[PDB]
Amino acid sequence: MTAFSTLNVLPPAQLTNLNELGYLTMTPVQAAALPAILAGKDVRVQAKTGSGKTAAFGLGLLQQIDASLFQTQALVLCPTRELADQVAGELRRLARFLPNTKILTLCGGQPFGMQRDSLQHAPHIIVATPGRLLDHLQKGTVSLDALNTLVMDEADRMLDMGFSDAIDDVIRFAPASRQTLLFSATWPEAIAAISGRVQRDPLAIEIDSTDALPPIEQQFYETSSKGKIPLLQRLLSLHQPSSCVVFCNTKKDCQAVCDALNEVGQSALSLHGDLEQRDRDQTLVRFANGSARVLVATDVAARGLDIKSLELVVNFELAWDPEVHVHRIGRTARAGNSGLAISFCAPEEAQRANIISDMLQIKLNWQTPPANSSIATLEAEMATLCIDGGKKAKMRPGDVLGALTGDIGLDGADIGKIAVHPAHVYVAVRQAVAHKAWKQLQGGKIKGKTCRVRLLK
């Protein structure tokens, strides 16, 4: 029985949904912010990473959704496409209590035409990045006239110098009589002081100070820039993390580190803005489901990404801003878990390490370099099958699991994460059984119908 019932607002169908979903206890940010949000107040919330802010504003805006009114009623803004799809994915699971709730994602990298076609049936909720959404607004394919709530996730990033104009351009399409929710784990005083420009009489709910991190152990290594890649390979050999995210400050360094890790057999993929959007999506799928051991990324992955039970974060180079460092290490130690965050520091980056030390009021644990120089390989335990169809073909996870376990004859313990995307379904299978599964499912049948299956790298 869920503790969310103590709010005395949510309908019984939502309480049953939360019980089936496993939301049995409210996190602090949920307990502190949901009553005000459900009452229609504007809020600015500050809570640490991985503490459930998504459901905090998601349960809030869902309470004011009328499924019979086929117009857009809630809008969520995110700084990155992968985060936007993730937030929309969790909103959909929270919206199960309300049948026929259409939640649409509007991001770049997708062709404009398919979004225009989907927008003829106006979605109740839009989760979007500012760029593609503004395009749709200017061409009259999206209307905000029926907007009840506007949410800005990672709101200090959405209000910075880079996003302010695009955010301002979007808000002129929004009604003034709206609930505006701003959520983030970090709030620079400059950004927080001006944050009222997009709100009406907001309540400040600052339950975690900026130095109140999740349980993250931090280690720091002195190294020249030239020694970073050899050090990283040796540290990954020492810790042997089940999953690891390595952060770089440039797209060039990001791809270079990924290629260096794959050259020594340490299963790595890259995630940055010069990749094709399909590769960005498939890389995140394969890293999350265990088809890759290490993810090398720029700050496109610094915020909000919720990779389950991430063991290790490595700062190949310290971020330009200390707030970004907080978001990076926040990729681990989520939802009550602990984590380890290693940071490399060249002499030019010493001052950024000092700024992080002051802001977080932590003592840097400088480590002595490893005793062994041996570089071991890291093989990924899973491989990803990509089946054509997705939600358009009404292929649900039970169909994939049923087909894989039946005539194709696989053990249910050999199948990991199943992710249903709009046009594809991704399945994780143990590496040893992946090739047989691919060939047998290619000439088999799923849901009575024939399928097209790909085996990803």
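The numbering used is simple: start at 1 and walk along the sequence shown.
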So, looking at the entry's B-factor column for Cα atoms, which has the higher mean, 323 to 331 or 167 to 175? 167 to 175
Mean C-alpha B-factor higher for 190 to 198, or for 278 to 286? 190 to 198
Among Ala128, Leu144, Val264, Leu271, highest Cα B-factor in the entry goes to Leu144
Residue selected from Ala428, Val425, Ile65, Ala56 by maximal Cα B factor: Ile65
Chain-relative C-alpha B factor for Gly402 (record values, thirds): the middle
Ranked against its chain, the third holding the CA B-factor of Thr101: middle
Ranking every modelled residue in this chain by its Cα temperature factor as given in the entry, which third contains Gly40? highest
Lowest, middle or highest third: which one holds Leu69 when the chain's residues are ordered by CA B-factor from the entry? highest
Using the B-factor values recorded in the entry, state whether the Cα atom of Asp299 falls in the lowest, middle or highest third among the modelled residues of its chain. lowest
